[PDB]
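Remarks on the overall topology
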Protein chains: 4
Amino acid sequence: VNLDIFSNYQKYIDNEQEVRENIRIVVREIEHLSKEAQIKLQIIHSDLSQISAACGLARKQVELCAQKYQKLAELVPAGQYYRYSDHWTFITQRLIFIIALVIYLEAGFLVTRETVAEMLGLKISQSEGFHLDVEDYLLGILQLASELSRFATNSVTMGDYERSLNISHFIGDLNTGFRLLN
Amino acid sequence: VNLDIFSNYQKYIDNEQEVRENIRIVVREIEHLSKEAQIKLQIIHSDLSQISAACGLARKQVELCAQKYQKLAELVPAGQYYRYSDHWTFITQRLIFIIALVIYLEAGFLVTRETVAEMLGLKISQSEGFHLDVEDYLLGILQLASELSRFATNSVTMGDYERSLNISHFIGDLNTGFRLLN
Amino acid sequence: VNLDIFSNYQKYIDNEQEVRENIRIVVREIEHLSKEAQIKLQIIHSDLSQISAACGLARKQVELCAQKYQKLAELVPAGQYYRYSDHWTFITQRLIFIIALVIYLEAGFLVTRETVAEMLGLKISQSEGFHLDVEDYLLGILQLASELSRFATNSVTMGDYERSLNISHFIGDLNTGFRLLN
Amino acid sequence: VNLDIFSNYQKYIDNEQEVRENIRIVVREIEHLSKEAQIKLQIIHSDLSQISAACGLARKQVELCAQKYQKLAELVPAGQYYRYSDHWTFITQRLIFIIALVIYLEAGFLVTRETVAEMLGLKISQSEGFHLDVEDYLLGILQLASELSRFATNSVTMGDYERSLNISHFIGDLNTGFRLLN
């Protein structure tokens, strides 16, 4: 029954505290930066002309927090990504989403994971460094379908019927895409 | 410490297990008749010509479980509707949904709470008898707007571009309706 | 699609926000008077001589919020007790607990539901008026058995071996009481 | 919009399925084995003489599933413990608990993490192999306090007062132990 065995877990528990503390800080920047991209991209729902303006704005915020993922990547020790990966999972997914929509609005195709990683400045695999997880990518893409679902509908409201129709096609391919999996 | 205020609670906790249980049996059937109505309504996504036949069979279930909500209404005592409502909330919502989908397919307008009641054999207000809550109505409709979002897409996949565009107008208007609520 | 069944629901959803909100204000105070009663009852763990003084101050809060359950009872309409009970369940349970701890410290026997009512200014049964549910009583007691488990230990830490042994007899009997329930 | 990008995630999603599948199988053995240790150790609450019999029984089950953790440890790839660590976290914690109680019943002191690891045949650190996590250890020990809380009380019921008193002392040291942390 030694307090001695609780004594030297005073230093571990204390240091883990402070690791999780800094991870939480950098992660909360990226949240804030992201959020302002996400808010601007909202305008597509009401002013159609604004797309180019919002995509350039989004694009710039992404690059602003590709830098933060650099700082984050060095606070994560060794091979212990999935110990803390909880703290940046949601954020990463919203970003995948943002990029995917930006690239759809620009060129009308689905961004590959590789590119999302490249734009964010992260790796394609576990091995060579702080990476971008397939499940995250897939879940971000999944948000996309739901967002364009809304956009297909506001396009009819803003009487751009032809566009609304295309959106629908694309969402169709995402759904077939997903059923390949289930 | 008296082992008797405990003896006179096991006779209550027993009695309650029975009420709660009989409530469960009835719902489990409503649970079952609706799932079959909803499973048939599935087809509208793949073979547009089945709409009529599907709407027939849905409308037949709905009334076959307006009857079950009968037996259910005579198992809830006094004014304890809300003490057990947890047991049939989600079930009711899905029905509102089915009915609402059904009338939409048929006449292309949004059902009123007032009718979903009539069709089910429930009262509009608490007073009168077993009733249909305004909150459960709106989440029923919230669900429809999501299911229509899907159909509007699959409509593009089956090449009924004209129809897809209509569903969107409607979804469009439902959103205006919800916005007016916060 | 009618934007008016939506206009006549915002007047309901408003009215409900108000009921729900005023229910919240009253509880938040009961929430506050109890936490202070419970925060004082803390001392029994560290300085056994304070028991009397603590029990005094607890018994003073309890009655100071038998009054608040007054104002609360005139905000719940009709027989919608269970529609809102979610707002005061956890609060009530902690009170039952405090009172039950209080009478135990004083006379060393288990209070009956019947008294916790009287002390609070609630009725035994649904009929009569705003009431004290049998389930909330038992979880109140379940809590006491956990809090006594602690005290029984701290009693060993302050060297009142005789007392520690008594608390255990009591906890012992409460378990027999609960076992008789499943 | 390529199905081609969903096509080659057919093989990853498929392989991860099957990894998680086998991890889930070995993990479910250890659950079953554990459980029967946990069930036998229950007798301490009623027949005091049985301790030696239960501790030997527990001890044998532990060694039986130190072997399974061997099989599990090779199904976990590379440095990806914390990817799957969710599947065996609870199980590990119950085991720490079991060992800790077995060693308390035998010799009356608190098992160090090192020993629990040694008995289970796992490592003390991240680095040199499949390991036993400090937080798990700590949470298992935490179960212990709650279990002995019950045991302190049944000892009074079986009129072994002197023992009940010791238990309480020990629980006291666990609590002081924990507050060093909070």
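Residues numbered from 1 in each chain as written, not as in the entry; some residues may be left out. Chains lettered and ligands numbered in written order. Heavy atoms only, no water.

As documented in the archive entry, the model was determined using X-ray crystallography at 3.40 Å resolution.

Here we look at the layout of surface pockets
Which entries qualify depends on this criterion: The pocket and cavity definitions rest on a 1 Å grid over protein atoms only: a 1.4 Å probe that fits but cannot leave marks a cavity, an open set with protein on both sides within 12 Å along at least five of seven lines marks a pocket, and residues lining either have an atom within 4 Å of a point. Grid points are joined across faces, edges and corners, and a volume is the space filled by probe spheres set on the points. Every helix listed is a DSSP run of H or I at least four residues long, and every strand listed is a run of E at least two residues long, numbered separately from the N terminus.
A volume near 1400 Å³ is recorded for the largest pocket. In terms of lining, the largest pocket is formed by 44 residues, of which the most central are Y82 and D86 of chain B together with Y82, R83 and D86 of chain C. If you list the elements that add at least two residues to the lining of the largest pocket, you get α5 (81–84), α6 (89–107) and α8 (134–157) of chain B together with α2 (12–40), α5 (81–84), α6 (89–107) and α8 (134–157) of chain C. Roughly 1100 Å³ of internal volume is contained in the second largest pocket. What lines the second largest pocket is a set of 32 residues, and nearest its centre among them are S146 and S149 of chain A together with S146, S149 and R150 of chain B.

Comments concerning the packing of helix α2 (residues 10–40) of chain A against helix α8 (residues 134–157) of chain D
The condition is simple: An axis is simply a line fitted to the C-alpha atoms; with a helix, the fit covers only the stretch in contact. Between two such axes, the angle follows the N-to-C directions and lies from 0 to 180 degrees. Between 65 and 115 degrees an angle is taken as roughly perpendicular, under 35 as roughly parallel, over 145 as roughly antiparallel, and anywhere else as oblique. Crossings are sorted by hand: turned counterclockwise from the far helix by less than a right angle, the near helix makes the crossing left-handed, and turned clockwise it makes it right-handed. In this description, contact between two residues means that some pair of their heavy atoms is separated by no more than 4.5 Å. Note on residue categories: nonpolar means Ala, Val, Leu, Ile, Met, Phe, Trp, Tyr, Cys or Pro, charged means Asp, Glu, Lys or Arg, and polar means any other residue, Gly included.
Taken N-terminus to C-terminus, the directions of α2 of chain A and α8 of chain D make an angle of 120°; their axes are 12 Å apart at the nearest point. Classed by the angle they form, the pair α2 of chain A and α8 of chain D counts as oblique. Judged by the twist between their axes, the crossing of α2 of chain A over α8 of chain D is left-handed. Residues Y12, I13, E16 and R20 of chain A of α2 of chain A touch α8 of chain D, and the partners they reach there are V134, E135 and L138 of chain D. For the contact of α2 of chain A with α8 of chain D, the per-class residue count stands at 4 nonpolar, no polar and 3 charged.

A short note on the relation of the copies chain B and chain A
Counted only if it meets this: A least-squares superposition on the C-alpha atoms brings the copies into a common frame.
If you rotate chain B by 180° and push it 0.0 Å along the axis, it lands on chain A with an RMSD of 0.4 Å. One copy is carried onto the other by what is essentially a two-fold rotation axis. Residue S149 of chain B of chain B places its C-alpha closer to the rotation axis than any other residue of that unit, at 3.3 Å. Most of the interface of chain B is mirrored in chain A: 100% of its interface residues are interface residues there too.

Some words on the packing of aromatic side chains
All names here are of chain D. Cut-off, in case you're wondering: Classification of ring pairs rests on two measures: the distance between centres of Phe, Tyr or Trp rings, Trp counted by its six-membered ring, which must be within 6.5 Å, and the angle between planes, read as stacked under 30 degrees, edge-to-face over 60 and tilted in between. For every residue, the accessible area obtained with a 1.4 Å probe (protein chains only) is divided by the maximum for its type, and the residue is called buried under 20%, exposed over 50%, and partly exposed between those limits.
Evaluation of the coordinates by the stated rule reveals 32 aromatic pairs over all chains. For the pair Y81 and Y82, a centre-to-centre distance of 4.8 Å together with 75° between the ring planes defines the contact as edge-to-face. For the pair shown, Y81 and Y82 are each scored as buried. Pairing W88 with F130 gives two aromatic rings, centres 5.1 Å apart and planes at 40°, and the pair type is tilted. Here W88, found in helix α6 (residues 86–107), pairs with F130, found in the loop between α7 (113–120) and α8; they are 42 residues apart in sequence, far enough to count as distant. The burial state of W88 is the same as that of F130; both residues are buried.

Structural notes on unusual backbone geometry
Unlike most non-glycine residues, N182 of chain A shows phi in positive territory, near 50°. Relative to the elements of secondary structure, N182 of chain A occurs in the segment after α9 (161–179). The backbone of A78 of chain D sits at a positive phi, close to 50°, despite the residue not being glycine. Here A78 of chain D is to be found in the loop between α4 (68–75) and α5 (81–84). With a relative accessible area of 76%, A78 of chain D lands in the exposed category.

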